[PDB]
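First comes the structure, then the notes that go with it.
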Amino acid sequence: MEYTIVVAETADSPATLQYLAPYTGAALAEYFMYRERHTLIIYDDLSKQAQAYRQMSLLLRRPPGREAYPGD
Amino acid sequence: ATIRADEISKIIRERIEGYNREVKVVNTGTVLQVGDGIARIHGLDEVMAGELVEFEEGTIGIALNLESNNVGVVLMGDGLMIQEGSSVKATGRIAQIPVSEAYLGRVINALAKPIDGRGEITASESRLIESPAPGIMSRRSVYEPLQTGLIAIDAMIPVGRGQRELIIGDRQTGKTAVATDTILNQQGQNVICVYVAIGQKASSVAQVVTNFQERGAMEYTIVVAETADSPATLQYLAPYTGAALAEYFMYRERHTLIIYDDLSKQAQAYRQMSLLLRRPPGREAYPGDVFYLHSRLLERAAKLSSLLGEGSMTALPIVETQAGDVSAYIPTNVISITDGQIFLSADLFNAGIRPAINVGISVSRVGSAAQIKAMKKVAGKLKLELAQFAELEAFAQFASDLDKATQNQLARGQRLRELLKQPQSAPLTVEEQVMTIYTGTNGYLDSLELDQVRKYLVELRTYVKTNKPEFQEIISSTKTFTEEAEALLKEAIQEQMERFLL
Amino acid sequence: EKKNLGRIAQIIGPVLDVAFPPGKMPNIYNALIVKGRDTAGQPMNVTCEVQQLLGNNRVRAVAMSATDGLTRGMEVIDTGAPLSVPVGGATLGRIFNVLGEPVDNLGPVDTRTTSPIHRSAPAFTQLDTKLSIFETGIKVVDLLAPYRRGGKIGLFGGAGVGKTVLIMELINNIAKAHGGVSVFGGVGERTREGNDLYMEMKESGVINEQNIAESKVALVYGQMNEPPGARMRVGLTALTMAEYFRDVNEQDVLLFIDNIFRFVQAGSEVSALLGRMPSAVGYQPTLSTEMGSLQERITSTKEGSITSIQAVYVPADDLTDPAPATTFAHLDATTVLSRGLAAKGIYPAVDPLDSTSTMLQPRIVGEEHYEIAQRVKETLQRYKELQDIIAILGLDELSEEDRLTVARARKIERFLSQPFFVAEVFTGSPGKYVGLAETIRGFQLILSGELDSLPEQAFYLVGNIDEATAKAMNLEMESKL
Amino acid sequence: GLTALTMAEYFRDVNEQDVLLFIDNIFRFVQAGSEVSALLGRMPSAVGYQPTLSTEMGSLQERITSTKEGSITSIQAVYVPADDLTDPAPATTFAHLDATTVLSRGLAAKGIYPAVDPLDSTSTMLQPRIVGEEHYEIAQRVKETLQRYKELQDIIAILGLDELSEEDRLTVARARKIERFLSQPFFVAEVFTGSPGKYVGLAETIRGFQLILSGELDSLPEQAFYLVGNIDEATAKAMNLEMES
Amino acid sequence: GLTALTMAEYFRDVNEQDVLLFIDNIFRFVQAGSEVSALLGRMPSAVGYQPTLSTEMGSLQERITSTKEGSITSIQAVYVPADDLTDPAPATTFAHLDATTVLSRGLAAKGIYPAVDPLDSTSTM
Amino acid sequence: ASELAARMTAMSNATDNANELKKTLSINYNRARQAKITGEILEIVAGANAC
Ligand SMILES: Nc1ncnc2c1ncn2[C@@H]1O[C@H](COP(=O)(O)OP(=O)(O)OP(=O)(O)O)[C@@H](O)[C@H]1O
Ligand SMILES: Nc1ncnc2c1ncn2[C@@H]1O[C@H](COP(=O)(O)OP(=O)(O)O)[C@@H](O)[C@H]1O
């Protein structure tokens, strides 16, 4: 735990926070990376972020694609 | 539904300016909302459905959807330089193409406009693109052959004049060698060929047209060419203009032939057009009207009765399959429309059996009515012996009854396989076909060498063409395999055998 | 092109709606730069392309860059032309994005010549109807799976086999053998792989870094970090850079594409964003037309010839999926790259039997070339069938015709190797160019019993069968000594 | 379809005649209804059919009945698209028909003409009170041996006939004899084969299959049964085959 | 389900005792949402469910928790439609359960009741 | 030795029949996969258009 940061957004969170969590993880690791350090980031179930983004994209009445996932 | 396309501000301002008056915009329509293969037009109050409209860029259109306030026309090209708000003009004419006897030798871009570079084509404008098909009283049973020049087709899948015969296979399996073979074999007969290239790459169209010009077949052939970089509307509409061009010659007592290369590509263009117009699609995203798309096109290939001049149009549509998928949607559509198919097979094509007709799964529902007496009399035994070979080569790896089967398969089947194979762009006349089937299936070519069969057959062919002019006369006179031609061919093949043994 | 100024009306992802003066709005396929504003405190513009006219003075565009930080009411500048990229010898040895901007940080490129990426193909009259054979100088490709000038070729080798070394050898060989140039188009290029490729091109001498414009390649990069508009149009940018070298300079150009499946993938993405109804397996309804409008400009005119070598990815390993099925309607030849041959050191790792070509026909390549290539195929196939029996019985318990077949096949399989000019930098062997004539004259000798008293390690990693006999004499001197 | 049905219904009602109504491809009725219903502004059903598909079928098929005046014996072809028997249009036709006949692409490509699949082709008149008990028992045993054959088909596809038991291989041989004897030459297909069509009565068919299933005709070739009728001709063809050799 | 869960929340929090919460098919708690979702004007998700399947399931499943002042052991029955374990409604529960107990139909078809699939039903304890 | 030869021939035939069956089953699988994807997206798009 002395060299680790844990970004946790559990499944009761809104879709926006589960969509934003890997980006805050990457931003923290990017701070440490650009200050000449070596980092390591683990995205646990990127598919869960894809599902959160699909939920918010469908709720914003955007055109769906395959498996109702948006085009982007 | 609370919004329309005619609800732009200029139309409403012109409505508010004068509410009650007399004269509407008769032939002046202003384009608005240029979309994706469609353009909506406010105006054109007296336009017809099916009417050609003309844009300021020069693009042709067709009034398809005539709603209350705006008509929606389909763009017959890339509608790129259609300025929004520009004028549109009706022509008063339902969709037509100029037809003439002077289209022979030209290359067309689905609009009866040459992409040939040899100037315009004089014509007398007629022949609506969506002409009605002949009725029931109009046509007649098929009774005369259309010789394709291929031994396998002419011997076991006979095609008559007025018959819709499909060429179904995989990609790079033939079908264009077959189509161009049938076109090049029409040199002596009075047949007006038409080649429609719907979605081919422009290099393949170049190869086909230069082969035609080289071998002399463009004196009776028109080429309607839509390349792969064309709008889906033009690929959709090219076979209909091909059929109209051929019908011009058909209804003037002349026999025509038409080959729709890649009707699956026309169905793919129709799918793109329907999906861009948001119509509900069925299986494999096809619009559901795709059967009608193909059936109203192929139903024009008829054999008109004696009162209608005894014209004809033979159709050789070509359908590609995905890994030999006969049970797909578009293949089964064209199979349910046409009068028999010709199955080419990727295993036999790649394995070397070069006209790769899968004979056991191809039919022709004219048959003996198409074939002449000579080919019937000679090829009955051929299709029987090939039938026997068809189960022998599959089930028996070596044989059952290994002595008679070696006298069966090695003598008949594996030499008839080399007898049926035929090079690219080399048709055979019907006399050479009758002679070659006779020399094989009677039992005479049962003791040759498996690589010397071809050389023996070609040399015997030229020999009988050079030293027996009376056999060709007595086959071209009655088209029947008399005993005199039979006996003289027997002694001629003995002569040629003793000549070639050395 | 003038004061045709638009204002953003909608921002929904990377798809914009722009409003215009009532008489002046761009055509479809027309660039428009969004004079946007970065939050940091500087202006920054975003390039978009018109896709559709929507009605009352309103179009719908697709951004080539990201649309974050854009407000409604930003000034959109109509440009009256399609996306214009720099062309000519000024684009050589440099890296470009989809907009023709340099991204290699070497400096600016002079827009002395700018061609549009949206252009119609050559005319049916201007097409060349000849069936020429593109000669790569590689023995296996020239002999067994010949290339066409003006045609397309599909790379099917997975990751880790000699793919990048192969395309670098093709670039160097089209530069040194013919007077041609090459244009690499990276559709969906991973950024670290892009940097590795650029470094290896600098190192292999393809990109002359000590003097640019002596280079043999132009790099265009449409990366995965980029929106689906850029990743779709980067192939058209690369094809325009190649078409300039064909049209104006009359060269034999070599247009390398990365996975043409990601071209189709970006197309399906932009169609899902624009809201059109999907096609059969979910692809864009304009699939075949979107593919053909690209592939029809890779032809051979009366001036030069573009030959494309497109990597092809098959989703779910089936060739009946619409993106492989519509790509294969344009491929003239096919080279598969073998993991097993890359393992056992038969670089270049092209599979000889699974690589196909429609150029391999007597009418096109000569009856001699056709018959010798078919005999080599039969020999290798017989050896492949006989490996299990040789594992069980051995070479001794075979027959004599089968034993000579096996030995000739081992020699042929080792003769399909080649030392590369660009793989020399770590292997050391000087690298050889072998024309087709020496290839067929060497295989005639290795197939008829004229060179059977030689070691198998004498034909391996040579070109030009005289070198095989010379290395054989040296390997025999190793024994005499 | 409606106007042909009206013409037939007039003979059924007023003339009180027993009418035949041969309809070719009642599927295209459904298909054209779907084609217009897309343009009529309706949300489509499962596979893009019209939402009024079942009722459009029933409003036509429920007028083809036998009242006290007459009888309309209608024989209808029903196309299945892409050989998909679970399609909405044939799957809604199945509920209206009372004697089906399903044709197989495999049996057609094997030259077994007509290509009637023996196990999917059912009827509501195969009951012992309607067709007697002998016909019913022979049809039951024929279907039982064909069902056993269809069961072990995959095992004999990978492995082969050499691994079956004695009774199972006897079942295989009798099922091949049965599926060959089910084919017949037609009068209208005399252009496709030659060897003119044979009208085979009912009792002759029952006796022929009784002889196949009884064990008498187990020592004669299968090709004697292919494309014959009235199993006396299968015996004559086996005699001819072993004589001409 | 939220009503019964509230009744269990009170017994865990205010009375501070070990609650045992048995739930019948929580597939029905998601199916009711998918039934009303079209009428709520929401656009449909994958194979036919509401777009908010994962969040709707997650709220209820996350309210079920041992809270270091009292515990709730919750045994939940999850109807898997068409024996399709890759269906979205069971797939989104697999992430919320501790010990999953997958029942096979191939064992019920033999009489291996309780037809608990031994190689499919895993556990984190 | 003759029993082992017969078993070798039977297993060669079984391997070849299993190869052809693997090819046929892969064909039918790819067909069913594309049909499943088509139906899924067409159903989603139909619902989204009705909404
Ligand atoms: N009978 C034949 N003899 C010799 N070569 C042939 C023959 N038929 C075809 N070929 C060769 O095979 C190649 C493919 O044949 P063809 O052009 O007939 O198929 P295709 O219509 O191009 O297939 P697709 O267009 O669907 O890919 C051609 O280049 C042709 O040279
Ligand atoms: N002709 C050759 N001679 C020697 N080594 C080679 C040759 N071709 C490829 N290799 C080796 O095989 C490896 C192939 O890697 P590469 O093709 O660059 O991977 P990728 O296909 O992912 O770009 C390289 O590391 C290279 O060292």
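Quick reminder, even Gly has a Cβ in these numbers, built from the backbone with ideal geometry, and neighbours come from all protein chains shown. The values are calculated or read from the model by the stated rules, or taken from the named source; no laboratory instrument gave them.
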- Item | Index of the failed condition, D:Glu167 passing every other in (1) more than 30 Å from F:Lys22 (Cα to Cα); (2) exposed (fewer than 14 other Cβ atoms within 10 Å of the Cβ) | (1)
- Query: Looking at the range B:72-82, is at least one residue more than 30 Å from B:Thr210 (Cα to Cα), without any contact (Cβ under 8 Å) to a residue 40 or more places away in the chain and either part of a strand (DSSP E or B) or outside the structural domain of B:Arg15 (by CATH) (or both)?
  - Reply: yes
- Task: Of all residues in the range E:1-56, count the ones that are in contact with a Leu (Cβ under 8 Å, 6 or more places away or on another chain) and part of a helix (DSSP H, G or I).
- Result: 8
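Listed here are the residues, each with its yes/no results for (1) within 16 Å of ligand 2 (Cβ to nearest atom); (2) within 14 Å of another protein chain (Cβ to nearest Cβ); (3) of a type in the set (D, E, K, R); (4) touching a strand residue (DSSP E or B) at 6+ places or on another chain (Cβ under 9 Å).
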position: B:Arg171; (1), (2), (3), (4): no, yes, yes, yes
position: B:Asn190; (1), (2), (3), (4): no, no, no, yes
position: B:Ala202; (1), (2), (3), (4): no, yes, no, yes
position: B:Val208; (1), (2), (3), (4): no, yes, no, yes
position: B:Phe212; (1), (2), (3), (4): no, yes, no, yes
position: B:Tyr220; (1), (2), (3), (4): no, no, no, yes
position: B:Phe249; (1), (2), (3), (4): no, no, no, yes
- Failed item, numbered, when D:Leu119 is tested on (1) buried (at least 17 other Cβ atoms within 10 Å of the Cβ); (2) in contact with a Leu (Cβ under 8 Å, 6 or more places away or on another chain); (3) within 21 Å of D:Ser104 (Cα to Cα): (1)
- Item | Which numbered condition C:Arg375 fails, given (1) farther than 20 Å from C:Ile260 by Cα; (2) in contact with a strand residue (DSSP E or B) (Cβ under 8 Å, 6 or more places away or on another chain); (3) within 14 Å of chain B (Cβ to nearest Cβ) | (2)
- Message: Of everything in the range C:405-425, what is within 14 Å of ligand 2 (Cβ to nearest atom) and either among the polar types (S, T, N, Q) or within 14 Å of another protein chain (Cβ to nearest Cβ) (or both)? Give them in sequence order.
- Response: C:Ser417, C:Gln418
- Item | Count - residues of the range B:127-150 that are among the polar types (S, T, N, Q) and either part of a strand (DSSP E or B) or surrounded by fewer than 21 Cβ atoms within 10 Å (Cβ to Cβ) (or both) | 3
- Please go through the range C:156-168 and pick out each residue that is part of a helix (DSSP H, G or I) and over 16 Å from C:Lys202 (Cβ atoms). C:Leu166
- Total residues in the range C:327-353, condition under 17 Å from the mean Cα position of the chain (by Cα) and in a helix (DSSP H, G or I): 1
- Message: If the requirement is being more than 14 Å from chain B (Cβ to nearest Cβ), among the β-branched types (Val, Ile, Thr), surrounded by fewer than 23 Cβ atoms within 10 Å (Cβ to Cβ) and more than 16 Å from ligand 2 (Cβ to nearest atom), which of these qualifies: C:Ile174, C:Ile133?
- Response: C:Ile133
- Do we have B:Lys381 as among the charged types (D, E, K, R), touching a residue at least 60 places away in the same chain (Cβ under 8 Å), surrounded by 17 or more Cβ atoms within 10 Å (Cβ to Cβ) and not assigned by CATH to the domain that holds B:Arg215 here? no
- Query: Looking only at residues in the range C:177-210 that are in contact (Cβ under 8 Å) with a residue 60 or more places away in the chain, over 17 Å from C:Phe96 (Cβ atoms) and away from ligand 2 (no atom under 13 Å from the Cβ), which one is surrounded by the fewest Cβ atoms within 10 Å (Cβ to Cβ)?
  - Reply: C:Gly179
- Note on the structure: Inside the range B:423-476, the number of residues satisfying the requirement of being part of a helix (DSSP H, G or I), of a type in the set (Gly, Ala, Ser) and over 22 Å from B:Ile357 (Cα atoms) is 1
- Tell me which residues, restricted to the range C:142-161, are under 24 Å from C:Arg297 (Cβ atoms), crowded, with 21+ Cβ neighbours inside 10 Å and more than 16 Å from ligand 1 (Cβ to nearest atom). C:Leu155
- Kindly indicate the residue of the range D:59-82 that is under 22 Å from B:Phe291 (Cβ atoms) and within 15 Å of the chain's Cα centre (by Cα) and also farthest from the other protein chains (Cβ to nearest Cβ) among those meeting that condition. D:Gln76
- Only residues that are closer than 24 Å to B:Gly380 by Cβ and in a loop (DSSP other than H, G, I, E, B): list them for the range B:477-502, please. B:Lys479, B:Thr480, B:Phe481, B:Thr482
- Could you grab me the full set of residues in the range C:345-362 that are of a type outside the set (A, V, I, L, M, F, W, C) and touching a helix residue (DSSP H, G or I) at 6+ places or on another chain (Cβ under 9 Å)? C:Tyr347, C:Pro348, C:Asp351, C:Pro352, C:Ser355, C:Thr356, C:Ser357, C:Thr358, C:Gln361, C:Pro362
- Query: What about B:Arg271, is it more than 17 Å from B:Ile337 (Cβ to Cβ), outside any loop (DSSP other than H, G, I, E, B) and of a type in the set (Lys, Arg)?
  - Reply: yes
- Which members of the range B:388-422 meet the condition of being within 16 Å of ligand 1 (Cβ to nearest atom), assigned to a helix (DSSP H, G or I) and of a type outside the set (A, V, I, L, M)? B:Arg417, B:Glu418
- Return yes or no: is C:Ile309 assigned to a loop (DSSP other than H, G, I, E, B), within 16 Å of ligand 2 (Cβ to nearest atom), under 30 Å from C:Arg441 (Cα atoms) and away from chain B (no Cβ under 14 Å)? no
- Query: Do we have any residue at all in the range B:306-317 that's within 11 Å of another protein chain (Cβ to nearest Cβ) and not hydrophobic (A, V, I, L, M, F, W, C)?
  - Reply: no
- What pairs can you find where one residue is in the range D:3-32 and loosely packed, with under 15 Cβ neighbours inside 10 Å, the other is in a loop (DSSP other than H, G, I, E, B) and of a type in the set (D, E, K, R), and their Cβ atoms are less than 7 Å apart, with a gap of 6+ or different chains? D:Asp13/D:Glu69; D:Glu16/D:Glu69
- Could you check, for the range A:40-56, whether at least one of its residues is farther than 20 Å from E:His96 by Cα, polar (S, T, N, Q) and under 13 Å from the mean Cα position of the chain (by Cα)? no
- Query: Taking B:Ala301, is it more than 9 Å from every other protein chain (Cβ to nearest Cβ), among the small types (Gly, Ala, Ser), more than 16 Å from ligand 2 (Cβ to nearest atom) and assigned to a helix (DSSP H, G or I)?
  - Reply: no
- Considering only residues that are touching a helix residue (DSSP H, G or I) at 6+ places or on another chain (Cβ under 8 Å) and part of a loop (DSSP other than H, G, I, E, B), look in the range D:67-76 and name the one that is surrounded by the most Cβ atoms within 10 Å (Cβ to Cβ). D:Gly70
- Message: Cβ-Cβ under 7 Å, sequence separation 6+ or interchain: first residue in the range C:263-290 and facing chain A (nearest Cβ under 9 Å), partner of a type in the set (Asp, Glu). Which pairs?
- Response: C:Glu269/A:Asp72; C:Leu273/A:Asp72; C:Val281/C:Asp321
